[PDB]
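Notes follow once the structure below has been shown.
Within every chain, numbering begins at 1; the chains are lettered A, B, ... in the order of the sequence lines, protein sequences first and strands thereafter. FYI, side chains are in, hydrogens and waters are out, and symmetry mates aren't considered; it's all heavy atoms of this structure. All ligand and atom numbering here is 1-based and tracks the order in the structure.
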Amino acid sequence: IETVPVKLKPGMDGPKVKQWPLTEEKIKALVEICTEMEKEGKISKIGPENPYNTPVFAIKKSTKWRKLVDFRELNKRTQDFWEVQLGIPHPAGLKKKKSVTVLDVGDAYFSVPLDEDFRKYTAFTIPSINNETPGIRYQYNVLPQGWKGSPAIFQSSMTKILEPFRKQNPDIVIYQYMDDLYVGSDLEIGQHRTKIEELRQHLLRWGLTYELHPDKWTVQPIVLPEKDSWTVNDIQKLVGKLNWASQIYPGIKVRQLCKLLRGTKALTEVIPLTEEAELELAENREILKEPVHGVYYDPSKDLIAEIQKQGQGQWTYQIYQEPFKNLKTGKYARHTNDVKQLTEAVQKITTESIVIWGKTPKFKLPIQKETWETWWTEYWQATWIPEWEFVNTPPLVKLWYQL
Amino acid sequence: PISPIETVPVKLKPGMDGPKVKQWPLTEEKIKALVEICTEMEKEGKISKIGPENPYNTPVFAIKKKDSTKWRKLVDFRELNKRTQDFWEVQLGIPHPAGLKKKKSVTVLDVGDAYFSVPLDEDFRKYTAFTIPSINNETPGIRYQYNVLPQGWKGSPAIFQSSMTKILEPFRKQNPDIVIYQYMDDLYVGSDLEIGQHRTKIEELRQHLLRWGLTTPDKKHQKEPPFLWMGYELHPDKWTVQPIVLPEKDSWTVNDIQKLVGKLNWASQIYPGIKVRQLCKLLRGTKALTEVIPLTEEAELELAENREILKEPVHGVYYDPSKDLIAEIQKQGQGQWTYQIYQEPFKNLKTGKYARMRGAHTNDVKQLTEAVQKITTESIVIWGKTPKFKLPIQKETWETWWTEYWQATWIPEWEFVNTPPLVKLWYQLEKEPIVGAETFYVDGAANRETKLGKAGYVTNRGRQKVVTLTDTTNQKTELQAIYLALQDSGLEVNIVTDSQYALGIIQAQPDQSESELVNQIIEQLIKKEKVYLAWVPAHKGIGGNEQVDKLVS
Ligand SMILES: CCCCn1c(C(=O)c2cc(C)cc(C#N)c2)c(C(C)C)c(=O)[nH]c1=O
């Protein structure tokens, strides 16, 4: 087969990201795997004249070790190719479906040779314990998994493969993103599942050996309590919340509410509700359950996601492009391991984000950089990696999104 | 020799070309020295002479070795190096002795003339051309180019290392029982055979090295244990840092104290409870290395304690893959932490130290967790697995903190160990308002040009108090106002502020800070019985906030 030549962004150079230290068990797994990919000719050993590097890890998908390459740098340095030059259009109908199923079609790429002059940029390194030997270095000879260039390049082979299946069920939406296919229908759940098995067989003739329910995605509104007795404290909290909300949702009002908090009163003190505040309250509740008037998705901007830890296994999140113009808010819940849950939450959020916008968000993560870096691998099950940075949640933000 | 291993292809950075530096004319003895060297190199294949066209040149120089009468060939590749491609890093991270399996028998053997034993990419040789000038330069000089890896060129240490590795590969495949560590041009080799089958496998290893152009020490020039290396003293079944003298001095200079801290920090790898906080406070301030620094009382206390731990020699043991690792941590005092890692108590694989602070305000529970994380990453690197931990904190003290703190956190398998000082939470903020406790509505304020500050409060019991502060920032007044409310309040108090900033600091339950204020606030919070802290939107006319806001201006 003939290879599509690939060009970096002019000026800027390949990736030189250093390999994180790995536990012996994962090294063992990576060796086995890579020894086998090398026999099969997908990768080849490389000399010191290759300066570039990309991190690699082992995840568990199922109890077989899988190999995961972190191409975030590459992808960023490659962006022009897989987004502007080629690049899959994203269907608005995908999010509208009753059921969406995600299939791994990464094995497809291993059958297509990678542009010979691009290979050096796919370099990765298996480390050794205590630096006893030098790492083992490889680059890729075929479309690698996790590189946004691979689906970009395999795109036309993918259209060919899916065309019969698309012709026969023209109300099913199929969306490709990185190593995955996203398949959406409105069929009853059993017919949907049957239609996915049919698809697998199409995939199967070409070497490609869980369900979402997006309709039932709805806002996690900033929720206002329904107290029996109110205290100054509770009203103060109410005002703070509405005070937050009002910077996001046009129409929020707090005046009739403050009138109650008049003078210098003890926090623990009960005060009955003004007839007007009682209307204000309900009127604000109307506004929160609805989408934000004035906020729209700009396809040219990065997505961001903030996650707050609520305790008791609950996690709140928002997605936006410009701070606190929220495109979506939600929650996730339930191994009382903080990092495990957090890892789970990021993948759910990332997945929804792909279904909705065909884009992955940069995460603001409420955890110590080093802690997350040491552990996220142990629970990661996706084939991509979002961009993340680390943040100290503003104490106020957390309570305002409680439930 | 020159190894028969294929060459590494090489290039220069893309928009560039080989150097064209001109030769700085040289004295006659230098010219003579150079010629006597290049003739010799040329006879061994190391270099070849060329007649232009070759347009490239890199200057050469000759120097007199030590005090003796050897001349040496210095080449300045400064310019070619700039024009040469980047190579993948030679080898990042160096083994730590604590990570070595103990070995029945070890042999050290070093490659001779290591760089000159490896070929250079033919297509690249022409950029290494240099010229020995003629006397006073009046005639065309003698031009050579390199065939092998030049001392001083940018690619040499990398291409060498990769060569040694391709060469060693086949023998590693056939001899998995045998361990070879590559460091620079040295080779360290160990197995668990007896002096018989070992020396045998060694000579076999040399002969392999020899087919491949790499000469090595014979059984008679092979150095003997103890080995010294990267600042350690490796023995057959223990290891330690190389001996350390804390010098006797009446007066210390900046330079003297830095070297002492470095020697200390290095020593703390295996010597338990080394401290350097008090010696380090001394370095603070912009001083000249020549300057004498009087030791404070605590710094001389520190040097003392340190001097004592160093008195008897301590050593480390090697790693046994079949056993678990344990790490113990102890609070060694003010933001200082010390840890040990052993497999059978208390014979340490290694030890270490953790001083860092993370931000301006933290408590012990955070700090301990940060050390745990630091120790954890270090184990992954050295032994390829996380240690079993032993911490001076009750599972309940740690449980209370984790669940109520906003950040996600987590440490691997651990258990409690009663090694005081234990880490505890020194106060807890109430989770609801307190009934029948005075409510202080506090506030602070500052004029951006003036730098003058007011800080005060109002209470639901009618008290009011405001004070002035000179040269202060808008956020310093907001803490002051909270200190204020804590000073004049009883054992139980509610406090309302509009400062997210103050709220943030206090709600995180600090118990030490870079701020005297925050230390002051802390000392109060510990003296209290219940304190409940809450936040209100500024300038919405809310409750008592309006009043105390009006009073400060
Ligand atoms: C008698 C010392 C045994 C230490 N050792 C070694 C080893 O000898 C060694 C190790 C390093 C990292 C550097 C240097 C130097 N200079 C030597 C080895 C080597 C064969 C790797 C070993 O496996 N086990 C040891 O205990």
Under a 3.5 Å threshold, yes or no: a donor from one side chain and an acceptor from the other, between B/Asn348 and B/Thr351?
no

B/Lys103-ligand 1 polar pair, N/O distance under 3.5 Å:
no

Does the side chain of B/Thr84 pick up a donor-acceptor pair with the side chain of B/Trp153 at under 3.5 Å?
yes

Is it the case that B/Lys353 and B/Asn265 place a side-chain donor and acceptor less than 3.5 Å from each other?
yes

Select one of side chain, backbone, both or neither to describe which atoms of B/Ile180 lie under 4.0 Å from any atom of ligand 1, heavy atoms only.
neither

Does B/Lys350 make a cation-pi contact with B/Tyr319 (under 6.0 Å, within 45 degrees of the axis)?
no

May I ask you to identify, for B/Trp239, whether its side chain, its backbone, both or neither come under 4.0 Å of ligand 1 on a heavy-atom basis?
neither

Ignoring hydrogens, just give me the one of B/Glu233, B/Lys102, B/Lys101, B/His96 whose non-hydrogen atom is nearest atom 25 (C) of ligand 1.
B/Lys101

Flag this pair as yes if the NZ/CZ of A/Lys60 is under 6.0 angstrom from the six-membered ring centre of A/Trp65 and inside a 45 degree cone about the axis; otherwise no.
yes

Nearest-contact summary for atom 20 (C) of ligand 1 - protein heavy atom, Å:
B/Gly190 N, 3.3 Å

If the cut-off is 4.0 Å to any non-hydrogen atom of B/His235, which atoms of ligand 1 fall inside it?
1 (C), 2 (C), 3 (C)

Counting heavy atoms only, which of B/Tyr183, B/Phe227, B/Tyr188 comes nearest to atom 19 (C) of ligand 1?
B/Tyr188

Return yes when B/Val108 approaches ligand 1 closer than 4.0 angstrom through a heavy atom, no otherwise.
no

In this structure, is the centre-to-centre distance between the rings of B/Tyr354 and B/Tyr339 below 6.0 Å?
no

A student checking ligand 1 against B/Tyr181 at a 4.0 Å heavy-atom cut-off should list atoms 12 (C), 21 (C)

